[PDB]
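See structure below.
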Amino acid sequence: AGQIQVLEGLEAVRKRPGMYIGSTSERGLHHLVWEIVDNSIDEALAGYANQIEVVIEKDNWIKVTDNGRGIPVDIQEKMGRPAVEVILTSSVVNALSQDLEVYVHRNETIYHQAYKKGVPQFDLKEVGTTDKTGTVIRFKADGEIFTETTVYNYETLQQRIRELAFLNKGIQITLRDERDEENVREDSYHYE
Ligand SMILES: CCCC(=O)Nc1sccc1C(N)=O
Ligand SMILES: [Cl-]
Ligand SMILES: [Mg+2]
């Protein structure tokens, strides 16, 4: 029933990414991180998260982790599908990613799903157990969309992360660049 409105949202985002993110250039690539990080910052504003970690991984995957509630997994009556899957299939970031993965820690369970260009590659599954709550999102910007550059710039991430931790007092926000195994760089911000 409601599966059809989700697929027009993806085509739209992907024909006119600019309308959603400003550009398909370097600046838009970095907007993808800001979208995901803002969700984690809302977990902390809600009172649940206090730590957010942003990692630039090998082959320019971005990994964002928070220790908030974990995205819900309960079945939605209208879609018939887990809440996380609904949430992530209307995500601009996901649409503009050749690959995206989620891990949710919730209900003493670790759940996993992956997507390409916004489309679920398999059903939500329980892959492990946990005594923490939170959410991990890893995504790789789509080279068929980001046809100029899919390489992140550390100082641009660093700059904004620091401003965000300064604005949002009490949240520990860490940035790490792991792309060169031989020289890993980390900056961790925590105000008050
Ligand atoms: C109780 C609702 C929690 C939720 O939707 N959280 C979301 S939606 C997308 C990201 C995240 C996150 N990082 O917690
Ligand atoms: Cl749940
Ligand atoms: Mg948003």
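Letter by letter, the sequence shown follows residues 16 to 104, 128 to 230 in the deposited numbering. The beta carbon of each residue, even a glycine, is placed where N, CA and C say it ideally should be.
(message) Within 10 Å of its beta-carbon, does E164 have 16 or more other beta-carbons around it, so buried, or fewer, so exposed?
(response) Translated into the one-based positions of the sequence shown, residue 164 becomes position 126. With fewer than 16 other Cβ atoms inside 10 Å of its own Cβ, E164 counts as exposed.
(message) Using CA atoms only, rank isn't needed, just tell me which of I209, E182, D81 and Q151 is closest to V70.
(response) Translated into the one-based positions of the sequence shown, residue 70 becomes position 55. With respect to the C-alpha of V70, the residue from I209, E182, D81 and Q151 having the closest C-alpha is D81.
(message) Measuring straight from C-alpha to C-alpha, what distance separates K154 and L134?
(response) Position 116 of the sequence shown, counted from the start, is the residue given in the question as residue 154. Position 96 of the sequence shown, counted from the start, is the residue given in the question as residue 134. Those two C-alpha atoms are separated by around 9 Å.
(request) Could you please give me the residues that DSSP links to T167 through a beta bridge? (result) By 1-based counting over the sequence shown, the position of residue 167 is 129. For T167, the pairing in a beta bridge is given by DSSP as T147.
(request) Let me have the residue list for ligand 1: C-beta closer than 6 Å to any non-hydrogen atom, ordered along the chain. (result) Those residues are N54, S55, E58, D81, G83, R84, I86, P87, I102 and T173, given in chain order.
(message) Can you check which of these residues, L202, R31, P32 and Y192, is closest to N221 by C-alpha distance?
(response) Along the sequence shown, one-based indexing puts residue 221 at 183. When C-alpha distances from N221 are compared across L202, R31, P32 and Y192, the shortest belongs to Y192.
(request) With a 10 Å radius around its C-beta and 16 neighbouring C-beta atoms as the bar for buried, classify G85 as buried or exposed. (result) For the purposes of this step, residue 85 is identified with residue 70 of the sequence shown, where counting begins at 1. Buried, because 16 or more other Cβ atoms sit within 10 Å of the Cβ of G85.
(request) Under the assumption that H45 contacts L195 (Cβ atoms under 8 Å), give the Cβ distance between them as a whole number of angstroms. (result) Position 30 of the sequence shown, counted from the first residue, corresponds to residue 45. Position 157 of the sequence shown, counted from the first residue, corresponds to residue 195. Between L195 and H45 the Cβ distance is about 7 Å, and since that is below 8 Å, they are a contact.
(request) On a CA-only basis, which of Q151, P87, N65 and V48 is nearest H228? Give me that one, please. (result) Locating residue 228 in the sequence shown gives position 190, counting from the first residue. Of the listed residues, the one whose Cα sits closest to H228 is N65.
(request) Would you check if the region 95 to 104 and the region 158 to 177 touch, i.e. whether three or more CB-CB distances between them fall below 8 Å? (result) Segments in contact, yes.
(request) Count the C-beta pairs between the region 173 to 188 and the region 139 to 148 that are closer than 8 Å, then say yes if the count reaches three, no if not. (result) Counting C-beta pairs closer than 8 Å gives three or more between the region 173 to 188 and the region 139 to 148, which meets the contact rule.
(request) Keeping to the same chain, check which residues put their C-beta closer than 6 Å to that of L213; ignore five residues upstream and five downstream. (result) Counted from its first residue, the sequence shown places residue 213 at position 175. The answer, listed in chain order, is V69, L195, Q196, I199 and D225.
(message) Nearer than 6 Å: is that true of the beta carbon of residue 5 relative to any heavy atom of ligand 2?
(response) Outside the displayed range of the chain (16 to 230) lies residue 5, so it cannot be described from this structure.
(message) Taking only three categories from DSSP, how would you classify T212?
(response) Position 174 of the sequence shown, counting from 1, holds the residue named residue 212. In the three-state reduction of the DSSP assignment, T212 falls in the strand class, which pools E and B.
(request) Would you check if the distance between the CB atom of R223 and the CB atom of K73 is smaller than 7 Å? (result) Translated into the one-based positions of the sequence shown, residue 223 becomes position 185. Translated into the one-based positions of the sequence shown, residue 73 becomes position 58. Not a contact, by the Cβ cut-off of 7 Å.
(request) Return helix, strand or coil for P158, following the three-state DSSP convention. (result) For the purposes of this step, residue 158 is identified with residue 120 of the sequence shown, where counting begins at 1. Strand.
(message) Can you list, in chain order, the residues of its chain with a C-beta nearer than 6 Å to that of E41? Leave out the 5 residues immediately preceding and following it.
(response) By one-based count along the sequence shown, residue 41 stands at place 26. When the five nearest sequence neighbours on each side are left out, the beta carbons in the same chain lying within less than 6 Å of the beta carbon of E41 are those of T187, in order along the chain.
(request) Could you name the residues of the same chain whose beta carbon sits closer than 7 Å to that of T147, not counting the 5 residues immediately before and after it, in chain order? (result) The count along the sequence shown starts at 1 and reaches residue 147 at position 109. So the list reads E164, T167 and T168, once near-sequence residues are dropped.
(request) Look at the alpha carbon of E201 and the alpha carbon of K78, and state the distance between them as a whole number of angstroms. (result) Here the question's residue 201 lines up with position 163 in the sequence shown. Here the question's residue 78 lines up with position 63 in the sequence shown. In a straight line, the C-alpha of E201 is about 19 Å away from that of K78.
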